[PDB]
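Encoded as structure tokens, the following chain is the form solved without ligand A1H4L, with no partner shown.
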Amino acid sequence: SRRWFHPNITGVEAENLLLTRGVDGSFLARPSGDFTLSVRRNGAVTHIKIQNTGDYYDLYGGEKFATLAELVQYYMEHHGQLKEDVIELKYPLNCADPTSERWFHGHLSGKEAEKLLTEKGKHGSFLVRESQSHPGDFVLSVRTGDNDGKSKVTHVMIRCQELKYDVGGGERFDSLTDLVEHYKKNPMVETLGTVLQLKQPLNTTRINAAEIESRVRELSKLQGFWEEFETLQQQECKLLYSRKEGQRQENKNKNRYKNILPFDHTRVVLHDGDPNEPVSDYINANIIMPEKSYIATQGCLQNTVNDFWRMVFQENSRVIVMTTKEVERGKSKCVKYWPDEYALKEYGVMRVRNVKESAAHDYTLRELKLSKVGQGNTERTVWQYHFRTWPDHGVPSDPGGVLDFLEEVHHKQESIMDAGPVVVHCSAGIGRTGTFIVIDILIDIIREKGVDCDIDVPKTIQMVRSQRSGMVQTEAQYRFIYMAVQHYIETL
């Protein structure tokens, strides 16, 4: 449900909430790109800092995580010993705000809402807005139907009385979300039969590509970007798919970050593994396919370089995108899994030759030759695109170089008949990596359909996040994906 996240409270409001409405074990998370976990223990409120500069959520005195929901789930089911004394996350302190619900539109007239539902709704599309006739109340607007008169818009008053909500009779809810949830499971039936089924929120995030700059300006006033992003973050609770294989003891040492793991149902499975190793089928990587496909994976560790090259070989991948230096801020992010220029190396049963490096402003290109040892004729060229100028924290101020990069990469991939997924990695393989993949997916739509096409940035991000945890980490990357797509639209 993710209700333990309060998008707009203060520290003192968080302590007050935990001391007066929580008990020991009660907790909540809140933003300050930094966040805080606030936890009551022994009648006192502690605040634990979470940092995310773009690769993962770094929790002080804890582990690193792909999403806040996975962070909370870990410390609520595994012990994870969040210590400091031990800090236990027992009871979510739920937030009642509706401001990051997909169906909440706050300020919105009835005629604007009828038009929105008319132009872009279907039977069951709905939304909730602030009542204008009755200050303080709210309105639920639903579309139902099959301009032939076969459809209609129905409005329903939501009374707000003593901070509780109701539709004029029956139960009174502590939040608009509790009311919507309730009347989603138990639809409202009009007198003459029509059941007001709340099937899906009206989609407002989808735009036509030509109007990108207009939306980017809309999102840049008072900020709209943060609202839209945090409404996406609110959807991360639906993506807690199992990641059992990555948690196996034999696979623990193959994870760069212990708790950042691939979903079981999209992970890359490696076959033809030597039968000597009990578990030879595992790597930290997920197939990403827009629903050109991709593999999103972490930066190699010394002990997974051989498994990485089994992946590349097995999937017929011909292009690798690296978006990290080998070492950043003095810390290892990816071991050097390719040979020096002109050299030849064996990695297990795989052999790689670095044929030639080419240096451009933002990136180096390494032309690798990959084959299986003892089996001539399996050789194929793999092109390694190594973006080197990405900032250690945050994102670039201008998307130009990233776009020139992705364009080259796309043309290489397209030029190779029956090439496999493009491999993309950074350190953890979710933040820079998801940003680059999402940008590439959006640009691909436009490449094929021109500027006269529909794009939906959060929808695409959600779709990539169902295939690997936390794809796209921060609001800064979110804005950067917009800004990149804008700049691509204006170069055509």
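C-alpha atoms forming the largest set that superposes within 1.5 Å between two forms make up the rigid core. Residues that one form lacks are left out of the comparison. Start at 1 and count along the sequence shown; that's the residue number.
The same protein has a further form, the form deposited with ligand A1H4L bound, not shown here; the description that follows concerns it.
- Placed here by superposing the C-alphas around the site, ligand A1H4L (as posed in the deposited bound form) stays clear of every backbone and C-beta atom by more than 2.4 Å: open pocket.
- The partner is absent here; in the deposited bound form, the one residue of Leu59, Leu68, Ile455, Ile443 having a heavy atom within 4.5 Å of ligand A1H4L is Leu68.
- The contact with ligand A1H4L in the deposited bound form, taken as any heavy atom within 4.5 Å, belongs to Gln233 out of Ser125, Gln233, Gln413, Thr177.
- Of the candidate stretches 137-145, 234-242, 368-376, 348-356, only 234-242 contains residues with a heavy atom within 4.5 Å of ligand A1H4L in the deposited bound form.
- Looking at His78, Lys252, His271, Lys356 after a core superposition between this form and the one not shown, you find that only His78 has a C-alpha shift of 2 Å or more.
- Regions where at least three consecutive shared residues each shift by 2 Å or more at the C-alpha between this form and the one not shown, after core superposition, reduce to one span, 78-80.
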